[PDB]
Amino acid sequence: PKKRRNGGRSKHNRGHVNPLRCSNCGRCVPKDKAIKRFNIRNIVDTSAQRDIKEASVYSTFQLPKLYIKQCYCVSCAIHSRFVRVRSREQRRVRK
Amino acid sequence: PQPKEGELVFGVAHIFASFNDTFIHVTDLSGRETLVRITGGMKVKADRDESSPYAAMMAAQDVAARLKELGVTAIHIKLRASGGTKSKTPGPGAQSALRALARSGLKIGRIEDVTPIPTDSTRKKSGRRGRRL
Amino acid sequence: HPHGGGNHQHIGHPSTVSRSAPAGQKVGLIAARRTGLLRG
Amino acid sequence: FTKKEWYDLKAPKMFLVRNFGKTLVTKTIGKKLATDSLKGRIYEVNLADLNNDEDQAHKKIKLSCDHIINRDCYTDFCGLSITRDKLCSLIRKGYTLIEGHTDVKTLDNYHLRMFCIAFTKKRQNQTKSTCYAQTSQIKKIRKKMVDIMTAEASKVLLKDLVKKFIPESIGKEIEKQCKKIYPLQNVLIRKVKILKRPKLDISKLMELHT
RNA sequence: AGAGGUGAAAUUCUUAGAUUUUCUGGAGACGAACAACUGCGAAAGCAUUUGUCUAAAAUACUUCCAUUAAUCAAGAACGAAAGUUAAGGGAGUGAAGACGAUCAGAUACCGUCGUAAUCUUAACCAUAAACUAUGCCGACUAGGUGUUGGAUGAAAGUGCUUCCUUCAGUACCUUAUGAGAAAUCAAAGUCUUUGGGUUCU
RNA sequence: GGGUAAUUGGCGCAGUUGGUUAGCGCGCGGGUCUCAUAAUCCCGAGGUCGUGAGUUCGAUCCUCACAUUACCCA
RNA sequence: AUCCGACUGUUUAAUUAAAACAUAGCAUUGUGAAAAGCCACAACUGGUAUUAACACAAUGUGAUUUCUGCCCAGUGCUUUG
Ligand SMILES: [Mg+2]
Ligand SMILES: [Mg+2]
Ligand SMILES: [Mg+2]
Ligand SMILES: [Mg+2]
Ligand SMILES: [Mg+2]
Ligand SMILES: [Mg+2]
Ligand SMILES: [Mg+2]
Ligand SMILES: [Mg+2]
Ligand SMILES: [Mg+2]
Ligand SMILES: [Mg+2]
Ligand SMILES: [Mg+2]
Ligand SMILES: [Mg+2]
Ligand SMILES: [Mg+2]
Ligand SMILES: [Mg+2]
Ligand SMILES: [Mg+2]
Ligand SMILES: [Mg+2]
Ligand SMILES: [Mg+2]
Ligand SMILES: [Mg+2]
Ligand SMILES: [Mg+2]
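Residues numbered from 1 in each chain as written, not as in the entry; some residues may be left out. Chains lettered and ligands numbered in written order. Part of a larger assembly, values for the part shown. Heavy atoms only, no water.

Per the PDB entry, chain D is named Small ribosomal subunit protein eS1, and its organism is Plasmodium falciparum 3D7. Recorded in UniProt for chain D, the comment headed Subunit (literature references left out) runs: "Component of the small ribosomal subunit. Mature ribosomes consist of a small (40S) and a large (60S) subunit. The 40S subunit contains about 32 different proteins and 1 molecule of RNA (18S). The 60S subunit contains about 42 different proteins and 3 molecules of RNA (28S, 5.8S and 5S)." In its Subcellular location section, UniProt records this for chain D: "Cytoplasm". (UniProt positions renumbered as here; feature names shortened; annotations may be inferred.)

Within the PDB entry, the label attached to chain B reads 40S ribosomal protein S11, and the organism entered is Plasmodium falciparum 3D7. UniProt's Subcellular location (unreviewed entry) comment on chain B is quoted here verbatim: "Plastid, Chloroplast".

Peer 1: Explain the interface of chain D and chain B to me, and be specific about the residues and the numbers.
Peer 2: Contact residues are listed per partner, giving 22 residues for chain D and 16 residues for chain B. Each partner contributes to the roughly 1500 Å² buried at the junction of chain D and chain B, and carbon and sulfur atoms together form 51% of this total. Taken as a group, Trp6, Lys22 and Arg84 of chain D account for 39% of the area that chain D buries against chain B, more than any other trio of residues on that side. Counting the contacts that link chain D with chain B gives four salt bridges. Between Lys60 of chain D and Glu112 of chain B there is a salt bridge, with the nearest N and O atoms lying 3.8 Å from each other. For the pair chain D and chain B, the number of links is five residue pairs in polar contact. In terms of residue count, the dominant contributor to the side of chain D that touches chain B is strand 2 (residues 22-26) of chain D (five residues). Each residue belonging to the side of chain D that touches chain B can be placed in one class, and the counts come to eight nonpolar, six polar and eight charged. (Contact = heavy atoms within 4.5 Å. Buried area = accessible area lost by both parts, 1.4 Å probe. Salt bridge = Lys/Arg side-chain N within 4 Å of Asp/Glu carboxyl O. Polar contact = N/O pair within 3.5 Å; in protein donor to acceptor, adjacent residues only side chain to side chain. Helix = DSSP H or I, 4+ residues; strand = E, 2+ residues; numbered from the N terminus. Nonpolar A, V, L, I, M, F, W, Y, C, P; charged D, E, K, R; others polar.)

Peer 1: Explain the side chain of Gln70 of chain A to me, using residue names and the numbers behind them.
Peer 2: All names here are of chain A. For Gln70, the location among the structural elements is in strand 6 (residues 70-72). Side-chain polar atoms of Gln70 contact the side chain of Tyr72, separated by 3.1 Å. Every residue in contact with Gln70, bar those within four places of it in the chain, is listed here: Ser23, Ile35, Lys36, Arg37 and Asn39.

Peer 1: Give a detailed account of the sheet that holds strand 11 (residues 116-119) of chain D, specifying residues and quantitative values.
Peer 2: Residue and element names in this part refer to chain D. Read from one edge to the other, the open sheet built from three strands follows the order 8-11-12, with strand pairing classed as antiparallel. In this open sheet, the two edge strands, each paired with only one partner strand, are strand 8 (97-100) and strand 12 (188-189). Bridging between strand 11 and strand 12 involves two bridges; their strand directions are antiparallel. Opposite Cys116, over in strand 12, you have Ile189 as the bridge partner. Packed on one face of the sheet, helix 2 (residues 135-155) meets strand 8 and strand 11 and runs near 40° to strand 8. (Pairing = 2+ DSSP bridges. Axes fitted to C-alpha atoms, helices over the stretch in contact; angles between N-to-C directions.)

Peer 1: Can you tell me about the nonpolar core, naming the residues and giving the values?
Peer 2: With 40 residues, the main nonpolar core has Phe20, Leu50 and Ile61 of chain D as its most contacted residues. Elements represented by at least two residues in this core include exactly strand 3 (42-45), strand 4 (61-64), strand 7 (76-80), strand 11, helix 2, helix 3 (158-165) and helix 4 (169-177) of chain D. Counting residues per element, this core draws most heavily on helix 2 of chain D, which supplies six residues. With sequence-adjacent residues up to four places away left out, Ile61 of chain D is seen in contact with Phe15, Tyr43, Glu44, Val45, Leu47, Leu50, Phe77, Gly79 and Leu80 of chain D. Grouped together as the second largest cluster of nonpolar side chains are 34 residues, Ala48 of chain A together with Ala60, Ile77 and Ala97 of chain B included. (Core = buried A, V, L, I, M, F, W, Y, C linked by side-chain atoms within 4.5 Å. Buried < 20%, exposed > 50% of the residue type's maximum accessible area, 1.4 Å probe, protein only.)

Peer 1: Please provide a residue-by-residue account of the protein's contact with RNA strand G, values included.
Peer 2: Residues and elements named next belong to chain C. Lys26, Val27, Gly28, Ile30 and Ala32 are the nearest of the 21 residues found near RNA strand G. Atoms of RNA strand G within 4 Å of the protein: sugar and phosphate make up 90%, bases the balance. The contact in question runs from a phosphate oxygen of RNA strand G to an N or O atom on the side chain of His1, over 3.3 Å. In the environment of RNA strand G, a base nitrogen lies 3.2 Å from a nitrogen or oxygen atom belonging to the side chain of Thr16. Of all the secondary-structure elements, those providing two or more residues to the surface near RNA strand G are strand 1 (16-17) and strand 2 (29-30). Classifying every residue of the surface near RNA strand G gives ten nonpolar, seven polar and four charged. (Near = heavy atom within 4 Å.)

Peer 1: I'd like a rundown of the pairing of strand 5 (residues 107-113) of chain B, residues and numbers included.
Peer 2: Residue and element names in this part refer to chain B. Of all seven residues making up strand 5, six are buried, and the element is well covered by its neighbours. Pairing geometry for strand 4 (residues 74-80) and strand 5, over five bridges, is parallel. Each bridged residue has a counterpart across the sheet, and for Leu79 the counterpart in strand 5 is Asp113. Read from strand 4 through helix 2 (residues 93-104) to strand 5, the crossover connection turns out right-handed. (Right-handed = clockwise from strand over helix to strand, strands pointing away.)

Right under this line is the structure:
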């Protein structure tokens, strides 16, 4: 009965969209339907972070970050709880 | 060697963590002339736990002992995450290896991530519909 | 011929011979590294 | 097994430190000269430890040794890089990046590729979410980058070009002439690959080390 | 002196040096990040740089012609993937096939290999949830927030940016003495107050 | 007929380094904790192809088996 | 209507003219050269060769159409030191 107005993805005025592959399970998904996450992580936790600090030369050191940009399919994404199941009215709430 | 007073001697430690093992490989600062390689899987016997923090800690302790034996007193760090068409994040052993190296007694030079990302993408294993569990 | 004779027209012999065989004997597939359909 | 010797590495005097480490090698045996194993090696250094200033903590520098006096290697210039985390920190969603490359020859008959990179800016009084640029403007900007690289590199000389790399004059100049098309943010020379070298001439090389 | 791989392990590679780090040359596919409820095309589709050829809108116009138009049985051009013919190419992936595991059985889901195919050139085939499951042309009917490309008029600039109108494309929100069996719909409204034109089922 | 290698615990392998002459993984029986599986740490047992030395051993001719390559006048 | 061979072609002069041989098509193997592949000669020297991988040489099957499954333990051939 057409539970979603946009059909589960954001595509308009196009015929075809190229796919990408799930970062967890390898499945093919169109790029306009996969859920995207961008991560800015540290290399280590804070205790090891301070342990590196006084083992270091230069007296002023900052650890680098990591940049990842992962992408998931519906099944592999809501099994990990990046996305959950909502009610009929709450589904329409973007942002 | 024959270092001058209070002067540090440097080497490069290539770390590899791959969800199945942890390599700790120390060379000089040109890449050639390897010095130590303890790789984690020489510390346990269960055919698992090779990626556990415990094995990485033991390997780092062995590396620190040998490096002090040889005369090297400082280390540059390069981190790798096995990232070709395979996974992009490092495994559970990298943090333990870094912490053991830091608390060993050596001096830490610099840290960098060198995972081989492609702009290219040959096709990925486990064809469409993915790895089904 | 080395292949001649018989009541059914077969070779009866392995048809791949070696590089050192004498002149009257080197007659089938000479010093063949491999036989059969190629697949690459 | 360990019966080795240590050598000293020395950078050309374009930099400030000129002693950046040591390396091992096995003692010579019959017809293994222990000096063919040394020459041709490539060393990568950060340029923060070659000049002793932390603002230049990106921009790794590659050095190759060509001559060996009794216990020293002399290690002239090979290439550049930009330290991946720095590059990753520059790419945000709502902008556009321009990018181009070129081939060039110096007065010493070296050959190089240069690989610039750029991004758009705000011109703040706009109050709009995005700062995208049209394709034709991108084409014009890329042509300007290629022309400026060609002029600057083919003008002078190798070691002078290297001195030019350190304070990033090419980026400032490219940014300045591209203002009339579109404002641009931080502009960098991202990577320099050495492509052909004329011929070893140890007199010049040792003149680089006075 | 181990490496791979797994929920755990086998099959598999390795003191004839595997896996691992550095440099050099070759090969074939692919074009990340930027990249969007954004752009173009009749649909199928289209994403590294540069050159040439070739069309297509939209906007502006005190330019020319003057009904030259709408929709269309028969007929024609294009038409994903797979598949067929011939010559190339042949890295990665991998219908078939062979093993190793799990299980009461497992010709499967997991793992180690691996043929055709996937790519190019010249010909066929004419089918898809080929989907907005909504034919095409014209008129009327309601408020707001965006965005892509032109033009008009006005302010901060250090002949460029912001703002106001208007045309064309494209989304969303609210609401309907409007409609529906309802889900819902700006058309699926202007329908027992039933007839603007036309093809297919 | 000649040359080489190997035979050790319930299985598979180390010791052949004479004034110590016997060792380890799978095993085997008791605690450990294991939503009913799991890395688990202490232990007890388990023997040298056969006869003799200027000797304290795995050092000597030979004899039984096994594998490989090669040899041939009663 | 059935069997064999696709077809034109060839053969045991003097008992067998055929379903036997050849054939186009298909597939496999060796070789970059006068120090190579295959073959002749007692030696010295020759044939292919007035040639050069769209070539020369060694074998199987036998027009078109539709297909060509599993086995490398045995015997051959072949690769590394
Ligand atoms: Mg479609
Ligand atoms: Mg599941
Ligand atoms: Mg026959
Ligand atoms: Mg028989
Ligand atoms: Mg542009
Ligand atoms: Mg090739
Ligand atoms: Mg292949
Ligand atoms: Mg595979
Ligand atoms: Mg149909
Ligand atoms: Mg339909
Ligand atoms: Mg009615
Ligand atoms: Mg006939
Ligand atoms: Mg036939
Ligand atoms: Mg006839
Ligand atoms: Mg007759
Ligand atoms: Mg007759
Ligand atoms: Mg016949
Ligand atoms: Mg034939
Ligand atoms: Mg065989």
